[PDB]
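Colleague: Got a structure for you, written out below as structure tokens; questions coming shortly.
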4 protein chains.
Amino acid sequence: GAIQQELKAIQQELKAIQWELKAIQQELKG
Amino acid sequence: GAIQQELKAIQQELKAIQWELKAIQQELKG
Amino acid sequence: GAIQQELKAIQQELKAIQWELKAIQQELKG
Amino acid sequence: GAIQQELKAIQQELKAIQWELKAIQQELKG
């Protein structure tokens, strides 16, 4: 059952990474 | 179930990140 | 084994992401 | 146990990705 929470933590970290990549692209593209 | 739902979400986030990386590389090259 | 195999697939994608980030770094550094 | 070992490895790769992003962000600042 605890696997769900470990996996969710991975997904949350990846979501934050995606926003950092969007910030980089906005600096280049904006 | 809950585990499979998180694995799906992780895989979706990975695809989104890879899309952003491709877009950044395109912007930097061109 | 099913969950382990999905985690190995995730690890493979994370490796690809790292190589793309290293390419972006070299684009900017050089 | 094997699943937990794969999760540990994923965390190692996520930390590496975070540091690659830090290097890119710093390049963009100068």
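Chain labels follow the order of the structure tokens: the first chain is A, the next B, and so on; residue numbering restarts at 1 in every chain, and ligands are counted from 1 in their shown order.
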Produce a table with one row for each residue of chain C that has an atom at most 10 Å from any atom of segment 8-27 of chain D, each row naming the nearest atom pair and its distance in Å at one decimal; use only C-alpha atoms; arrange rows by chain and rising residue number; format as a Markdown table.

Modeller:
```
| residue | atom | partner | partner_atom | distance |
| --- | --- | --- | --- | --- |
| C:7 | CA | D:10 | CA | 8.0 |
| C:8 | CA | D:10 | CA | 8.9 |
| C:10 | CA | D:10 | CA | 7.9 |
| C:11 | CA | D:10 | CA | 6.1 |
| C:12 | CA | D:10 | CA | 9.8 |
| C:14 | CA | D:13 | CA | 6.7 |
| C:15 | CA | D:13 | CA | 7.5 |
| C:17 | CA | D:17 | CA | 7.7 |
| C:18 | CA | D:17 | CA | 5.9 |
| C:19 | CA | D:17 | CA | 9.5 |
| C:20 | CA | D:20 | CA | 9.9 |
| C:21 | CA | D:20 | CA | 6.3 |
| C:22 | CA | D:20 | CA | 7.0 |
| C:24 | CA | D:24 | CA | 7.3 |
| C:25 | CA | D:24 | CA | 5.5 |
| C:26 | CA | D:24 | CA | 9.1 |
| C:27 | CA | D:24 | CA | 9.8 |
| C:28 | CA | D:27 | CA | 6.5 |
| C:29 | CA | D:27 | CA | 6.9 |
```

Colleague: Quote the spacing between atom CA of residue 30 of chain D and atom CA of residue 30 of chain A in Å to one decimal place.

Modeller: 18.2 Å

Colleague: For the atom pair atom CA of residue 5 of chain A and atom CA of residue 4 of chain C, what is the interatomic distance in Å to one decimal place?

Modeller: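 Straight-line distance from atom CA of residue 5 of chain A to atom CA of residue 4 of chain C works out to 15.8 Å.
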